[PDB]
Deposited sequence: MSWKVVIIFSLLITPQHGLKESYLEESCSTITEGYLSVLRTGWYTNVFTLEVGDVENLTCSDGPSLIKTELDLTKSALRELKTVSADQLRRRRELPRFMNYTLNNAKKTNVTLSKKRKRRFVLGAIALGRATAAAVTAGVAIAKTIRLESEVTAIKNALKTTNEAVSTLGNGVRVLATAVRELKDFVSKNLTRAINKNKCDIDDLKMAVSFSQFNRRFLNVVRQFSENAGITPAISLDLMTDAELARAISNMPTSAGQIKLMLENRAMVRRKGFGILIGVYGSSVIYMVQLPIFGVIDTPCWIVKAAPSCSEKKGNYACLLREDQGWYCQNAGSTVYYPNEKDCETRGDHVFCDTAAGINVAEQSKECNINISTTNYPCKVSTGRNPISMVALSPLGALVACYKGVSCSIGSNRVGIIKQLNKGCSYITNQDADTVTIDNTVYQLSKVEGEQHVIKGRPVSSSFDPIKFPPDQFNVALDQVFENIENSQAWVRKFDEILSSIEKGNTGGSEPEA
């Protein structure tokens, strides 16, 4: 990686990442088969097979009141985002589910899987899904369990059938309670909905080129992490559900992250403070720049960053000029201002930015040595090669130990160009040139008053 400390805007920009962007969803439709349990009875009394069999029958009866979408009746850019990714994900899932719930669709899907256990099918709206069938419990019930229970006797002396049936209905019971606890729309794929072999077999079928397929096949955990399952229904004795997986269609494209801390200048005891408000992630793609402002939707693993294209905002390319000359650009650089200092530590991938003002004591130290030194007032960039912990008055922060190259870009701070008297009041996500306009307009009105003497 490579990290620059920008003295002027008092912030830091770290480059050298590579993106892995989600660009669509892939749907797997699972048909879990249970068999003819609702046709088997027991009359001996208390036993093991009877307990397990009553659990299975009750699970089927319970799952028929759970519905994913039906009621059974028998400019602050960090705020414009924040709720887009999940809303879009759920909207797409329910939109496909509405199409699979029809009787013609389920009939076609079950006819595909009549003689196999996986088949690629096309729904009625032209979408291609992958249908797969789970048939272990059904085969055990038809071939083994039913033969043993002949005359409604279940207090038999086998006890191998009892333990076997306990082994075989575990996945079914787990699927049922995961859908029943979560109102029919789970928020993550467990190992009961989609196990590991089926995750690999679904990744091998996605509609992308070979490079992305290789990346996902090797890092399946991060493809399972961003999916969810939706219940379709209980048809006959089959529990039908679906699983939505991401498609990381665009890989290895530039990214960078911007971090910042307050920049405050003092004169005669009065302060003038700014703070850059365009922090977060930026990703290039096909010549266009996308800004992800809520850092809870991008996840790094190494120097790769996994991102969600539905949670970003398109920004012009001239937006990379706030990192070169924040003061005299044309782009509307976003800043927040104030008249009261804040002391804080903003950790960045290769170090920290410490802001130490009027009444706070800061220091840097290591593990084997202890307090290495103190720090002067103002803002400082502490690389993670010269320190291990950074201390504000009593708080200790542990720097991350990533390896990279650090640079410092010289320049007198912008906050030192103001007069702490005549500074405008507090602002929230304005452009910097509007701050300069406020000051200029006040000067102009005072001059207008002064010219008029008479």
Which parts of the deposited sequence have no C-alpha atoms in the model?
1 to 18, 93 to 120, 501 to 514
